[PDB]
Amino acid sequence: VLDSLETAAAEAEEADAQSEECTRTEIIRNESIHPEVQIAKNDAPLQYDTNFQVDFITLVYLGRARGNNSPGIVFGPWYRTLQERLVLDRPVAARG
Amino acid sequence: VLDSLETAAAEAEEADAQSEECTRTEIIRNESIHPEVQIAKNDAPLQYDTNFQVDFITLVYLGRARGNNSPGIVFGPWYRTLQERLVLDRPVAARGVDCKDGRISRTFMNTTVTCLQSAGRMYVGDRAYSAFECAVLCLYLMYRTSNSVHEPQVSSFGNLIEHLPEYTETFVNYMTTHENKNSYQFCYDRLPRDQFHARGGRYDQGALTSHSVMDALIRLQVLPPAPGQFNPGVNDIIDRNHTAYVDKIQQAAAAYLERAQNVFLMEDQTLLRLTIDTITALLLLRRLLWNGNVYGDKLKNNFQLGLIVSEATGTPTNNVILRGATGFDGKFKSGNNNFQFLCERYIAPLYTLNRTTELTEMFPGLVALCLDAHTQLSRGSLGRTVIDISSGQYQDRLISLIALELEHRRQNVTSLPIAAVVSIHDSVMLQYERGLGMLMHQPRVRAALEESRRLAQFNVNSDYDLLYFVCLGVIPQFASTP
Amino acid sequence: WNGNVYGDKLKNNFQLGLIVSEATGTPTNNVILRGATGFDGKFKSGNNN
Amino acid sequence: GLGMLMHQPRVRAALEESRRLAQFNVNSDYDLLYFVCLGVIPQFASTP
Amino acid sequence: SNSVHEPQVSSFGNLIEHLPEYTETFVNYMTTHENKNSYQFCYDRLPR
Amino acid sequence: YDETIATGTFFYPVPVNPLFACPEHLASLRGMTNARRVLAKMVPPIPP
Amino acid sequence: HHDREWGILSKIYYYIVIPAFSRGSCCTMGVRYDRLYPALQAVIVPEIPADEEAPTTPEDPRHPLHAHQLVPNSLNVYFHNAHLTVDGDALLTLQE
């Protein structure tokens, strides 16, 4: 329990330090520079999302690994075509 | 040692909370400003500060002293009544939510802006933003084919945005009145739904029934592939059938849903509830711009140099020349020859490649006036001017976030059910939002709009009062009435 | 290259402003071009690659 | 495949007629950059 | 493009920003400059 | 003919009384296919 | 509250009259009171001066029966099918 509390405190202080340095960098910059992309005339380009999620997702998965139990949304029908192509000559199924 | 560690942890916690509050408050200030222009309208330019900037808009700035012309929105007498009743106010506007915290002035404008900004809010939300150009783009996206106009025709779009310096002046000088013309309009072909997907299978109530491959497999000795064997079919290309009847509904059903969620513990409802509450005001927005004309009044006219005929020709904002009042007395804008002729030698090489409106001046005032009634329904669920519980949403959200973060820091869920909530939400997201989106899309107050003559509910009910109300605009409440 | 004239949603996408106005505001930049135009009649063809 | 993705049909015909977008259905060349940048195009399946 | 048309513009530095009169003259000359690419590709076999 | 009333305002399938049968709301709200409609006609939906 | 006579009378009324009249395709459905809680607390007070007489002419913005005070909400949009001459007594009863 003491070791878990120590690791939680360490990660909390690391996150606080990261937030503090990010805010300090933002203060130094004259304006809040954010990614933009848009193909038109001089209109307002769309705003992307902040690229700070790897640490959060790693922490949220380390704090809960035996749970989950969700279907999961796939990205296109690539799995079925891949399985069909694999099963022709040398089937390997999913394996993982 | 443990007591010292806990006290140090608490002091560090409050120190970083204070630092975060200070950074959040310091991010708000921008101070960008823009250089001088070639005299807005025809009698009052836009110079530094707000001294001569409201020279022609003094009649509205007299009742707008609350915001001091610095990025602020002031509504009509209803907002004055809300400010008076703030002691027991029903909505969340002003008063700093509850007595735990909250401020006035700038913080009120910030929270009003963040109430409208719901799609993206993670450590950066910005302030003094305009959302009228996007609305116009969305409206004209489907209006290019429906048309249904009286007599003016227009199909070009590049020149509609090329003259941005004059377009901004037209927006700030013409949209002071939320009323419009052309009577009937579609205003319901958008229907913005929510992007979600769960389970899978085949589209219901479609034009296809498992296509023909499944039927061919069933009628032959092929059978569906085994889940544990993955055996495909090779006999589907042997008979050499004479094509089939395919459909392109799968591409439309796929849509485009790959955005992230700016909230903890997955899911996405904080922005969804705000968006579905805001979309309920579409009927009121459509009702607010059916019937209305601008003709001028003695009270409105206080300092004019060349706008003698402007009150009779409609809404020129420069001269109108001969167009504008072709139909009855003035409607819409069509034809720009003298404007560009003067711009080519007067205002061309000083302000060409810029953006509409600003964020440090009264430029968003035109959007604020048009959204006088649109933002009124954003608090109540059905959009009623009665008592409702819509002020503790932010407090509940922050309490839930604090509870979740402390549970993550101390505990590890375990006994707390986390799979059942996700499983039920997977269907709730696609079941609860579609019904509300398809609930109502067409108001039925067409006859009462021109029969009741109650559109002048912000002031006294009379002919002259209605005339000056529809000529000026929202008629903000006067000052000297705390 | 593209440059299939200025049009509407019926040409390629012309739907860049879907969720643009969420946390953007009114960004501004420098001035390069000059002059201004006006809208009249119905457009037909063009070249703005 | 890098060389095989482009052939005699143009960038529009080869994507709307050659079933190049069957796996990932997206808009025309204007949104092609967004499709190839964001990637991970979803579908109507989420496994049993 | 070239200036001088029905509207009396007589511009001195605006030669491409004005849409109507410059476009109506420049659209009749760049229509033959459209690029085209066409080459065949075959899978053949995988060596080594 | 009730085109002015949206389907799904205060309607959702909650079959609890076998004494009442309405094989129209299910086919009008959820948009069930012909196979589902014929299955419901053959056997009423009984919650296990 | 009361004895069982009214209860059994209501039970036999519900178990005979309703099934007898359900010769078509009517069936039980569900309510949406949870979403309709902030919907029925609507009160419209006509603008009438104190100690003043309300004209009976059919052309005036003080006639709840007519369309001169038609605030859409849901009641006045269902009024087209449920036309009913009502006054402020029902509104105050609903408010109380």
# chains A, B, ... in the order shown; residues from 1 in each chain; ligands from 1
$ select_by_dssp --residues "region 13-137 of chain B" --states "alpha helix (DSSP H)" --output "PyMOL selection string"
chain B and resi 13-28+58-61+77-84+106-116+133-137
$ interface_residues --of "chain B" --to "chain G" --cutoff "8 Å" --atoms "only C-alpha atoms" --output "PyMOL selection string"
chain B and resi 380-382+384+386-388+443-445+447-448+451-454
$ write_last_selection --atoms "C-alpha atoms" --output "mmCIF file, in the first residue's frame"
data_model
loop_
_atom_site.group_PDB
_atom_site.id
_atom_site.type_symbol
_atom_site.label_atom_id
_atom_site.label_comp_id
_atom_site.auth_asym_id
_atom_site.auth_seq_id
_atom_site.Cartn_x
_atom_site.Cartn_y
_atom_site.Cartn_z
ATOM 1 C CA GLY B 380 -34.407 25.639 -20.219
ATOM 2 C CA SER B 381 -34.954 22.222 -21.757
ATOM 3 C CA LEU B 382 -38.099 23.066 -23.737
ATOM 4 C CA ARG B 384 -39.716 28.333 -21.416
ATOM 5 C CA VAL B 386 -40.335 29.996 -16.174
ATOM 6 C CA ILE B 387 -38.559 28.544 -13.149
ATOM 7 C CA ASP B 388 -36.184 25.696 -13.982
ATOM 8 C CA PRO B 443 -42.912 25.651 -36.189
ATOM 9 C CA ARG B 444 -46.628 26.181 -36.788
ATOM 10 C CA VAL B 445 -46.942 29.869 -35.871
ATOM 11 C CA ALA B 447 -50.627 32.661 -39.151
ATOM 12 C CA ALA B 448 -50.091 34.092 -35.657
ATOM 13 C CA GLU B 451 -52.089 37.994 -37.205
ATOM 14 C CA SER B 452 -51.278 38.453 -33.507
ATOM 15 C CA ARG B 453 -48.841 41.347 -34.133
ATOM 16 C CA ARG B 454 -47.174 40.466 -30.817
#
$ interface_residues --of "chain B" --to "chain F" --cutoff "7 Å" --atoms "only C-alpha atoms" --output "PyMOL selection string"
chain B and resi 204-205+435+439
$ closest_residue --among "B:348, B:134, B:187, B:254" --to "chain E" --atoms "only C-alpha atoms"
B:348
$ residues_around --residues "residue 29 (chain D)" --least-positions-apart "5" --cutoff "10 Å" --atoms "only C-alpha atoms" --output "VMD selection string"
(chain C and resid 2 11 to 13) or (chain D and resid 11 to 12 15 34 to 35)
$ atom_distance --atom1 "CA of residue 10 (chain D)" --atom2 "CA of residue 27 (chain D)"
15.3 Å
$ interface_residues --of "chain A" --to "chain B" --cutoff "7 Å" --atoms "only C-alpha atoms" --output "VMD selection string"
chain A and resid 8 23 42 to 43 63 to 64 68 to 69 84 87
$ interface_residues --of "chain F" --to "chain G" --cutoff "10 Å" --atoms "only C-alpha atoms" --output "list in words"
residues 5, 9, 10, 11, 12, 13, 14, 15, 16, 17, 18, 19, 20, 21, 22, 23, 24 and 25 of chain F
$ write_last_selection --atoms "N, CA and C atoms" --output "short mmCIF file (atom, residue, chain, number, x, y, z; two decimals), in the first residue's frame"
data_model
loop_
_atom_site.label_atom_id
_atom_site.label_comp_id
_atom_site.auth_asym_id
_atom_site.auth_seq_id
_atom_site.Cartn_x
_atom_site.Cartn_y
_atom_site.Cartn_z
N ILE F 5 -46.97 14.94 -37.01
CA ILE F 5 -46.60 14.37 -35.72
C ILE F 5 -45.40 13.46 -35.94
N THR F 9 -42.17 10.61 -30.34
CA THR F 9 -42.33 11.68 -29.36
C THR F 9 -42.50 11.12 -27.96
N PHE F 10 -43.55 10.33 -27.75
CA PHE F 10 -43.82 9.68 -26.47
C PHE F 10 -44.12 8.20 -26.67
N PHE F 11 -43.44 7.57 -27.63
CA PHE F 11 -43.68 6.18 -27.97
C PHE F 11 -42.38 5.40 -27.88
N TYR F 12 -42.42 4.25 -27.20
CA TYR F 12 -41.28 3.34 -27.13
C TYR F 12 -41.81 1.95 -26.83
N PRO F 13 -41.22 0.89 -27.39
CA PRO F 13 -41.79 -0.45 -27.22
C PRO F 13 -41.61 -1.01 -25.82
N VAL F 14 -42.70 -1.09 -25.06
CA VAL F 14 -42.69 -1.69 -23.73
C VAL F 14 -43.86 -2.65 -23.61
N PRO F 15 -43.81 -3.81 -24.28
CA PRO F 15 -44.94 -4.75 -24.20
C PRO F 15 -45.03 -5.44 -22.84
N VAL F 16 -46.02 -5.05 -22.04
CA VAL F 16 -46.21 -5.65 -20.72
C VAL F 16 -47.59 -6.27 -20.54
N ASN F 17 -48.60 -5.85 -21.31
CA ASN F 17 -49.94 -6.40 -21.18
C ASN F 17 -50.26 -7.25 -22.40
N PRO F 18 -50.37 -8.58 -22.26
CA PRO F 18 -50.73 -9.41 -23.41
C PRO F 18 -52.13 -9.15 -23.94
N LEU F 19 -53.00 -8.53 -23.15
CA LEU F 19 -54.37 -8.27 -23.60
C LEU F 19 -54.43 -7.24 -24.72
N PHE F 20 -53.38 -6.45 -24.91
CA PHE F 20 -53.35 -5.41 -25.93
C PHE F 20 -52.32 -5.76 -26.99
N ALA F 21 -52.74 -5.71 -28.26
CA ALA F 21 -51.86 -5.99 -29.39
C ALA F 21 -51.92 -4.83 -30.36
N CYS F 22 -50.75 -4.35 -30.78
CA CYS F 22 -50.64 -3.22 -31.70
C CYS F 22 -49.48 -3.47 -32.66
N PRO F 23 -49.71 -4.24 -33.72
CA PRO F 23 -48.63 -4.51 -34.68
C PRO F 23 -48.46 -3.41 -35.71
N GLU F 24 -48.49 -2.16 -35.27
CA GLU F 24 -48.23 -1.02 -36.14
C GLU F 24 -47.18 -0.08 -35.59
N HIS F 25 -47.17 0.14 -34.27
CA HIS F 25 -46.17 1.03 -33.67
C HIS F 25 -44.77 0.45 -33.81
#
$ closest_atom_pairs --of "chain D" --to "chain E" --cutoff "6 Å" --atoms "only C-alpha atoms" --output "tab-separated table"
residue	atom	partner	partner_atom	distance
D:4	CA	E:41	CA	5.8
D:7	CA	E:39	CA	5.4
D:8	CA	E:38	CA	3.8
$ residues_around --residues "residue 23 (chain D)" --least-positions-apart "2" --cutoff "7 Å" --atoms "only C-alpha atoms" --output "compact mmCIF listing (two decimals) with N, CA and C atoms, in the first residue's frame"
# COMPACT_ATOMS: atom_id res chain seq x y z
N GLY A 76 -12.66 0.10 -40.17
CA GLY A 76 -12.87 -0.45 -41.49
C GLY A 76 -12.95 -1.96 -41.48
N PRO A 77 -13.39 -2.55 -42.60
CA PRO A 77 -13.47 -4.01 -42.72
C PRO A 77 -12.15 -4.64 -43.16
N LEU D 21 -12.18 3.19 -52.85
CA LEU D 21 -12.72 3.70 -51.60
C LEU D 21 -13.77 2.78 -50.99
N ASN D 25 -14.73 4.57 -47.21
CA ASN D 25 -15.58 5.49 -47.97
C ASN D 25 -15.42 6.90 -47.43
$ residues_around --residues "residue 48 (chain C)" --least-positions-apart "2" --cutoff "9 Å" --atoms "only C-alpha atoms" --output "VMD selection string"
(chain C and resid 3 to 6 46) or (chain E and resid 23)
$ write_last_selection --atoms "N, CA and C atoms" --output "short mmCIF file (atom, residue, chain, number, x, y, z; two decimals), in the first residue's frame"
data_model
loop_
_atom_site.label_atom_id
_atom_site.label_comp_id
_atom_site.auth_asym_id
_atom_site.auth_seq_id
_atom_site.Cartn_x
_atom_site.Cartn_y
_atom_site.Cartn_z
N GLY C 3 -8.08 22.41 -58.32
CA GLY C 3 -8.56 23.64 -58.93
C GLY C 3 -9.74 23.46 -59.85
N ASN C 4 -10.73 22.67 -59.43
CA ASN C 4 -11.92 22.43 -60.25
C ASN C 4 -12.98 23.51 -60.03
N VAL C 5 -12.57 24.77 -60.19
CA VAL C 5 -13.39 25.98 -60.10
C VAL C 5 -14.03 26.12 -58.72
N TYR C 6 -14.52 27.32 -58.42
CA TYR C 6 -15.23 27.57 -57.17
C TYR C 6 -16.70 27.18 -57.33
N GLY C 46 -14.45 29.22 -64.65
CA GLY C 46 -13.46 30.07 -64.02
C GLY C 46 -12.13 29.35 -63.93
N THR E 23 -11.61 36.73 -65.42
CA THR E 23 -11.92 35.32 -65.58
C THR E 23 -12.53 35.03 -66.94
#
$ closest_residue --among "A:72, A:35, A:91, A:67" --to "chain D" --atoms "only C-alpha atoms"
A:72
$ residues_around --residues "residue 19 (chain C)" --least-positions-apart "5" --cutoff "12 Å" --atoms "only C-alpha atoms" --output "ChimeraX atom specification"
/A:38,44-48 /B:117-120,131,134-135,137-138,192,259 /C:24
$ atom_distance --atom1 "CA of residue 176 (chain B)" --atom2 "CA of residue 112 (chain B)"
20.8 Å
$ interface_residues --of "chain E" --to "chain C" --cutoff "9 Å" --atoms "only C-alpha atoms" --output "PyMOL selection string"
chain E and resi 13-14+17-20+23-24+26-27+30-31
$ write_last_selection --atoms "N, CA, C and O atoms" --output "CSV table (one decimal), in the first residue's frame"
chain,number,residue,atom,x,y,z
E,13,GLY,N,-3.5,48.4,-60.7
E,13,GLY,CA,-2.7,47.3,-60.1
E,13,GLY,C,-3.5,46.1,-59.8
E,13,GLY,O,-3.0,45.1,-59.3
E,14,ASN,N,-4.8,46.2,-60.1
E,14,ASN,CA,-5.7,45.0,-59.9
E,14,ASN,C,-5.9,44.3,-61.2
E,14,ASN,O,-6.7,44.7,-62.1
E,17,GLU,N,-7.1,40.0,-59.1
E,17,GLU,CA,-8.0,39.9,-58.0
E,17,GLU,C,-9.5,40.1,-58.4
E,17,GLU,O,-10.4,39.5,-57.8
E,18,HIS,N,-9.7,40.9,-59.5
E,18,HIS,CA,-11.1,41.1,-60.0
E,18,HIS,C,-11.5,39.8,-60.7
E,18,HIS,O,-10.9,39.4,-61.7
E,19,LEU,N,-12.6,39.2,-60.3
E,19,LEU,CA,-13.1,37.9,-60.8
E,19,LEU,C,-13.7,38.0,-62.2
E,19,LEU,O,-13.2,37.4,-63.1
E,20,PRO,N,-14.8,38.8,-62.4
E,20,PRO,CA,-15.6,38.6,-63.6
E,20,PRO,C,-14.9,38.8,-64.9
E,20,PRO,O,-14.8,37.9,-65.8
E,23,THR,N,-11.6,36.7,-65.4
E,23,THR,CA,-11.9,35.3,-65.6
E,23,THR,C,-12.5,35.0,-66.9
E,23,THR,O,-12.2,34.0,-67.6
E,24,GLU,N,-13.4,35.9,-67.4
E,24,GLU,CA,-14.1,35.7,-68.7
E,24,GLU,C,-13.1,35.7,-69.9
E,24,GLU,O,-13.4,35.2,-70.9
E,26,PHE,N,-9.5,34.9,-69.2
E,26,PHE,CA,-8.5,33.9,-68.9
E,26,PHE,C,-9.0,32.4,-68.9
E,26,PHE,O,-8.2,31.5,-68.9
E,27,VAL,N,-10.3,32.2,-69.0
E,27,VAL,CA,-10.9,30.9,-69.0
E,27,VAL,C,-10.9,30.3,-70.4
E,27,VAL,O,-11.1,29.1,-70.6
E,30,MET,N,-6.5,28.8,-70.7
E,30,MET,CA,-6.0,27.8,-69.8
E,30,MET,C,-6.7,26.5,-69.9
E,30,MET,O,-6.3,25.5,-69.1
E,31,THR,N,-7.7,26.4,-70.7
E,31,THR,CA,-8.5,25.1,-70.8
E,31,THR,C,-7.7,24.0,-71.5
E,31,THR,O,-8.0,22.8,-71.3
$ interface_residues --of "chain C" --to "chain A" --cutoff "12 Å" --atoms "only C-alpha atoms" --output "compact mmCIF listing (two decimals) with N, CA and C atoms, in the first residue's frame"
# COMPACT_ATOMS: atom_id res chain seq x y z
N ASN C 2 -5.61 20.08 -58.45
CA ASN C 2 -7.06 20.20 -58.32
C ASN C 2 -7.59 21.42 -59.06
N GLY C 3 -8.08 22.41 -58.32
CA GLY C 3 -8.56 23.64 -58.93
C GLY C 3 -9.74 23.46 -59.85
N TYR C 6 -14.52 27.32 -58.42
CA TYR C 6 -15.23 27.57 -57.17
C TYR C 6 -16.70 27.18 -57.33
N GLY C 7 -17.21 26.41 -56.38
CA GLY C 7 -18.57 25.91 -56.47
C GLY C 7 -19.23 25.69 -55.12
N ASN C 13 -15.82 18.73 -52.07
CA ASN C 13 -16.39 18.69 -50.73
C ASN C 13 -17.15 19.97 -50.41
N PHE C 14 -16.45 21.11 -50.52
CA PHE C 14 -16.93 22.43 -50.12
C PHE C 14 -17.68 22.40 -48.80
N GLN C 15 -17.17 21.66 -47.82
CA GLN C 15 -17.78 21.57 -46.50
C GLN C 15 -16.70 21.65 -45.42
N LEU C 16 -15.76 22.58 -45.60
CA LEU C 16 -14.69 22.74 -44.62
C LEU C 16 -15.22 23.28 -43.29
N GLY C 17 -16.26 24.11 -43.33
CA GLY C 17 -16.79 24.72 -42.12
C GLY C 17 -17.85 23.89 -41.43
N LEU C 18 -17.52 22.65 -41.08
CA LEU C 18 -18.48 21.80 -40.37
C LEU C 18 -18.50 22.12 -38.88
N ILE C 19 -17.36 21.90 -38.20
CA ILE C 19 -17.25 22.14 -36.77
C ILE C 19 -16.13 23.15 -36.52
N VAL C 20 -15.92 24.06 -37.47
CA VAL C 20 -14.82 25.02 -37.37
C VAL C 20 -15.01 25.93 -36.17
N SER C 21 -16.22 26.46 -35.98
CA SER C 21 -16.48 27.47 -34.96
C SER C 21 -16.82 26.80 -33.63
N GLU C 22 -15.79 26.20 -33.02
CA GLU C 22 -15.91 25.64 -31.68
C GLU C 22 -15.01 26.36 -30.69
N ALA C 23 -13.70 26.42 -30.94
CA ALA C 23 -12.76 27.13 -30.08
C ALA C 23 -11.73 27.88 -30.92
N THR C 24 -12.19 28.54 -31.98
CA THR C 24 -11.31 29.22 -32.92
C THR C 24 -11.32 30.73 -32.75
N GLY C 25 -12.49 31.36 -32.76
CA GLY C 25 -12.57 32.80 -32.70
C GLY C 25 -12.46 33.44 -34.07
N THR C 26 -11.75 34.57 -34.16
CA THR C 26 -11.56 35.30 -35.41
C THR C 26 -10.07 35.57 -35.60
N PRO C 27 -9.31 34.56 -36.03
CA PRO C 27 -7.88 34.78 -36.27
C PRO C 27 -7.65 35.73 -37.44
N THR C 28 -6.56 36.48 -37.36
CA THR C 28 -6.20 37.46 -38.38
C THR C 28 -4.75 37.28 -38.78
N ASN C 29 -4.43 37.73 -39.99
CA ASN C 29 -3.08 37.63 -40.54
C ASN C 29 -2.76 38.92 -41.28
N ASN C 30 -1.67 38.91 -42.03
CA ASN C 30 -1.23 40.08 -42.77
C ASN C 30 -2.06 40.26 -44.04
N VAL C 31 -1.81 41.37 -44.73
CA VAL C 31 -2.51 41.71 -45.96
C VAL C 31 -1.53 41.61 -47.12
N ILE C 32 -1.94 40.92 -48.18
CA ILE C 32 -1.11 40.71 -49.37
C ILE C 32 -1.80 41.22 -50.63
N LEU C 33 -3.03 40.78 -50.87
CA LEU C 33 -3.76 41.16 -52.06
C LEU C 33 -4.31 42.58 -51.92
N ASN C 48 -9.14 29.48 -60.82
CA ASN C 48 -8.55 30.00 -59.59
C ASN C 48 -7.69 28.93 -58.93
N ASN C 49 -6.89 28.22 -59.73
CA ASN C 49 -6.12 27.09 -59.23
C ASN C 49 -5.20 27.51 -58.09
$ closest_atom_pairs --of "chain D" --to "chain A" --cutoff "10 Å" --atoms "only C-alpha atoms" --output "tab-separated table"
residue	atom	partner	partner_atom	distance
D:22	CA	A:77	CA	9.5
D:23	CA	A:76	CA	6.3
D:24	CA	A:76	CA	6.4
D:25	CA	A:76	CA	9.2
D:30	CA	A:39	CA	8.3
D:31	CA	A:39	CA	9.8
D:34	CA	A:37	CA	9.4
D:39	CA	A:75	CA	9.0
D:40	CA	A:75	CA	5.4
D:41	CA	A:75	CA	5.3
D:42	CA	A:75	CA	4.1
D:43	CA	A:76	CA	4.7
D:44	CA	A:76	CA	7.9
D:45	CA	A:74	CA	6.6
D:46	CA	A:73	CA	4.4
D:47	CA	A:71	CA	6.3
D:48	CA	A:71	CA	6.8
$ atom_distance --atom1 "CA of residue 359 (chain B)" --atom2 "CA of residue 374 (chain B)"
20.7 Å
$ select_by_dssp --residues "chain A" --states "strand (DSSP E or B)" --output "NGL selection string"
:A and (36-37 or 46-47)
$ write_last_selection --atoms "C-alpha atoms" --output "compact mmCIF listing (two decimals), in the first residue's frame"
# COMPACT_ATOMS: atom_id res chain seq x y z
CA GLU A 36 -4.66 24.84 -38.02
CA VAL A 37 -5.63 23.42 -41.41
CA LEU A 46 -10.48 24.73 -37.80
CA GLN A 47 -8.91 24.00 -34.42
$ decode --residues "region 441-456 of chain B" --atoms "N, CA, C and O atoms" --output "PDB file, in the first residue's frame"
ATOM      1  N   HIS B 441     -39.112  20.016 -36.063  1.00  0.00           N
ATOM      2  CA  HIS B 441     -38.289  20.737 -37.023  1.00  0.00           C
ATOM      3  C   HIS B 441     -39.038  21.831 -37.770  1.00  0.00           C
ATOM      4  O   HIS B 441     -38.416  22.535 -38.572  1.00  0.00           O
ATOM      5  N   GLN B 442     -40.339  22.001 -37.542  1.00  0.00           N
ATOM      6  CA  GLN B 442     -41.117  22.996 -38.270  1.00  0.00           C
ATOM      7  C   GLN B 442     -42.127  23.671 -37.349  1.00  0.00           C
ATOM      8  O   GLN B 442     -43.112  23.044 -36.941  1.00  0.00           O
ATOM      9  N   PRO B 443     -41.917  24.939 -36.999  1.00  0.00           N
ATOM     10  CA  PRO B 443     -42.912  25.651 -36.189  1.00  0.00           C
ATOM     11  C   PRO B 443     -44.198  25.888 -36.965  1.00  0.00           C
ATOM     12  O   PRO B 443     -44.204  25.976 -38.195  1.00  0.00           O
ATOM     13  N   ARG B 444     -45.297  25.993 -36.223  1.00  0.00           N
ATOM     14  CA  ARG B 444     -46.628  26.181 -36.788  1.00  0.00           C
ATOM     15  C   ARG B 444     -47.251  27.485 -36.303  1.00  0.00           C
ATOM     16  O   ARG B 444     -48.417  27.530 -35.907  1.00  0.00           O
ATOM     17  N   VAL B 445     -46.473  28.566 -36.329  1.00  0.00           N
ATOM     18  CA  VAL B 445     -46.942  29.869 -35.871  1.00  0.00           C
ATOM     19  C   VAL B 445     -46.955  30.836 -37.049  1.00  0.00           C
ATOM     20  O   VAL B 445     -46.757  32.044 -36.879  1.00  0.00           O
ATOM     21  N   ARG B 446     -47.180  30.304 -38.253  1.00  0.00           N
ATOM     22  CA  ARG B 446     -47.148  31.137 -39.452  1.00  0.00           C
ATOM     23  C   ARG B 446     -48.270  32.169 -39.443  1.00  0.00           C
ATOM     24  O   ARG B 446     -48.037  33.355 -39.705  1.00  0.00           O
ATOM     25  N   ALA B 447     -49.497  31.737 -39.145  1.00  0.00           N
ATOM     26  CA  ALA B 447     -50.627  32.661 -39.151  1.00  0.00           C
ATOM     27  C   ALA B 447     -50.530  33.668 -38.010  1.00  0.00           C
ATOM     28  O   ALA B 447     -50.769  34.865 -38.209  1.00  0.00           O
ATOM     29  N   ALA B 448     -50.176  33.203 -36.810  1.00  0.00           N
ATOM     30  CA  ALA B 448     -50.091  34.092 -35.657  1.00  0.00           C
ATOM     31  C   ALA B 448     -48.954  35.096 -35.776  1.00  0.00           C
ATOM     32  O   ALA B 448     -48.982  36.127 -35.094  1.00  0.00           O
ATOM     33  N   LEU B 449     -47.952  34.820 -36.614  1.00  0.00           N
ATOM     34  CA  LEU B 449     -46.852  35.764 -36.784  1.00  0.00           C
ATOM     35  C   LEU B 449     -47.338  37.073 -37.395  1.00  0.00           C
ATOM     36  O   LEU B 449     -46.933  38.158 -36.961  1.00  0.00           O
ATOM     37  N   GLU B 450     -48.206  36.993 -38.401  1.00  0.00           N
ATOM     38  CA  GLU B 450     -48.748  38.173 -39.061  1.00  0.00           C
ATOM     39  C   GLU B 450     -50.159  38.518 -38.603  1.00  0.00           C
ATOM     40  O   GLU B 450     -50.719  39.513 -39.073  1.00  0.00           O
ATOM     41  N   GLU B 451     -50.746  37.729 -37.705  1.00  0.00           N
ATOM     42  CA  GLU B 451     -52.089  37.994 -37.205  1.00  0.00           C
ATOM     43  C   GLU B 451     -52.102  38.546 -35.786  1.00  0.00           C
ATOM     44  O   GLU B 451     -52.859  39.477 -35.497  1.00  0.00           O
ATOM     45  N   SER B 452     -51.280  37.992 -34.892  1.00  0.00           N
ATOM     46  CA  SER B 452     -51.278  38.453 -33.507  1.00  0.00           C
ATOM     47  C   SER B 452     -50.603  39.811 -33.362  1.00  0.00           C
ATOM     48  O   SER B 452     -50.987  40.598 -32.489  1.00  0.00           O
ATOM     49  N   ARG B 453     -49.606  40.099 -34.202  1.00  0.00           N
ATOM     50  CA  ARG B 453     -48.841  41.347 -34.133  1.00  0.00           C
ATOM     51  C   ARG B 453     -48.228  41.544 -32.747  1.00  0.00           C
ATOM     52  O   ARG B 453     -48.170  42.659 -32.225  1.00  0.00           O
ATOM     53  N   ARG B 454     -47.766  40.448 -32.148  1.00  0.00           N
ATOM     54  CA  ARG B 454     -47.174  40.466 -30.817  1.00  0.00           C
ATOM     55  C   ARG B 454     -45.654  40.392 -30.848  1.00  0.00           C
ATOM     56  O   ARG B 454     -45.035  40.136 -29.809  1.00  0.00           O
ATOM     57  N   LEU B 455     -45.036  40.604 -32.013  1.00  0.00           N
ATOM     58  CA  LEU B 455     -43.584  40.540 -32.112  1.00  0.00           C
ATOM     59  C   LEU B 455     -42.897  41.651 -31.329  1.00  0.00           C
ATOM     60  O   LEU B 455     -41.710  41.524 -31.012  1.00  0.00           O
ATOM     61  N   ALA B 456     -43.608  42.730 -31.015  1.00  0.00           N
ATOM     62  CA  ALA B 456     -43.051  43.829 -30.226  1.00  0.00           C
ATOM     63  C   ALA B 456     -43.313  43.635 -28.735  1.00  0.00           C
ATOM     64  O   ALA B 456     -43.876  44.497 -28.062  1.00  0.00           O
TER      65      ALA B 456
END
